[PDB]
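Just so we're aligned: 60 in this note's numbering is position 38 of the sequence shown, and the numbers increase by one with no gaps anywhere.
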Amino acid sequence: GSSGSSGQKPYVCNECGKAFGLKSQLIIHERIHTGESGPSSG
Ligand SMILES: [Zn+2]
Numbered sequence: 023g024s025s026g027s028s029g030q031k032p033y034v035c036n037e038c039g040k041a042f043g044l045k046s047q048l049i050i051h052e053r054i055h056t057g058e059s060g061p062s063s064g
């Protein structure tokens with residue numbers, strides 16, 4: 023059931039707090055904060 027409660031994930035997101043066992047995995051995720059098709063507010 024859990025999305026993934028097993029595995030060492032050093033790469034943690036400082037925006038939400040999502041951990042990614044891989045580096046690039048986090049880089050792509052952080053993108054959601056960097057900018058999503060413009061400023062959410064609008
Ligand atoms: Zn995040």
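Ideal Cβ placement from N, Cα and C applies to all residues, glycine included.
Taking 7 Å as the cut-off, does the CB of residue i come closer than this to any heavy atom belonging to ligand 1?
{"i": "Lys45", "result": "no"}
How about residue i and residue j: are their beta carbons less than 8 Å apart?
{"i": "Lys31", "j": "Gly23", "result": "no"}
So, at 7 Å on beta carbons, what are the nonlocal neighbours of residue i in its own chain, with the 5 sequence-adjacent residues on each side left out?
{"i": "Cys35", "result": "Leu48, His51, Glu52"}
{"i": "residue 69", "result": "With the chain covering 23 to 64 only, the question about residue 69 has no answer from this structure."}
Using a Cβ-Cβ cut-off of 6 Å (strictly less than) and excluding sequence neighbours within five positions of residue i, which residues of its own chain qualify?
{"i": "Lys45", "result": "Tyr33"}
Can you list the residues near ligand 1, meaning Cβ strictly closer than 5 Å to any non-hydrogen atom, in the order they appear in the chain?
-> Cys35, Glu37, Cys38, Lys40
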